[PDB]
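Chemist: what's the 3D shape of this:
(2 chains)
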Number of protein chains: 2
Amino acid sequence: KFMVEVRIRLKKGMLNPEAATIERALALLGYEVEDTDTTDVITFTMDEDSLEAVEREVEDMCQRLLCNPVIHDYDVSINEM
Amino acid sequence: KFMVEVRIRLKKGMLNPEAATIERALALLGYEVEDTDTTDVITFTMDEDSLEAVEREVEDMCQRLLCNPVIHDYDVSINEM
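Modeler: Numbers count the residues shown, from 1 in each chain, chains lettered A, B, ... in the order given. This is the structure:
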């Protein structure tokens, strides 16, 4: 019924070990790239009675499982199938 | 009080995207390595009344949060501080 997509990205100012690791590795391989960042996208279908219930529920999953709002900025898009 | 360490590794036969990614990258950089694997270790202190409670609790955390026993083999070591 509902196609959900959650995008998770560390807030500005927050250290990104992977981003820093990739950037340095690239520099060493001879590639000059700046402002390297990483986003994690979780997609998944869900059955519900309404778009409203999916919203409050997905929001719950993000708060207690998918990410740490303290350090992560997240996006949630719900597309009805 | 208790120093806990949880080691998590995919069961034999299970695809390891990272392990496969690292191995191929290395081969390309000129390094011939075989049987590449990865282990995730989570360590953390915890206050308790007993070593027994920590054991049943840590076991719970692994079952519903730290890993997927279906595809992961895990180790749990508890050292009293």
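Chemist: So in chain A, which helix runs the longest?
Modeler: Counting by DSSP state H, the longest helix found in chain A is helix A:17-29.
Chemist: Check which helices and strands it is in contact with.
Modeler: Packed against helix A:17-29 by the contact rule (3 or more Cβ pairs under 8 Å, 6 or more residues apart in numbering or on different chains; DSSP states H and E) you find no helix or strand. Placement of C-beta: from N, CA and C, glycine included.
Chemist: Count the residues that sit near the closest residue to residue A:63 other than its chain neighbours.
Modeler: Sequence neighbours aside, residue A:69 is the residue nearest to residue A:63 in space, at 6.6 Å (criterion: Cβ to Cβ, 6 or more residues apart in numbering or on different chains). Applying other Cβ atoms under 10 Å in any protein chain shown, we find 12 residues neighbouring residue A:69.
Chemist: Then the one 10 residues further on?
Modeler: The local packing count at residue A:79 equals 10, with neighbours defined by other Cβ under 10 Å.
Chemist: can you check residue A:8 too?
Modeler: Other residues near residue A:8 number 19, with proximity taken as other Cβ under 10 Å.
Chemist: Brilliant, that's me finished.
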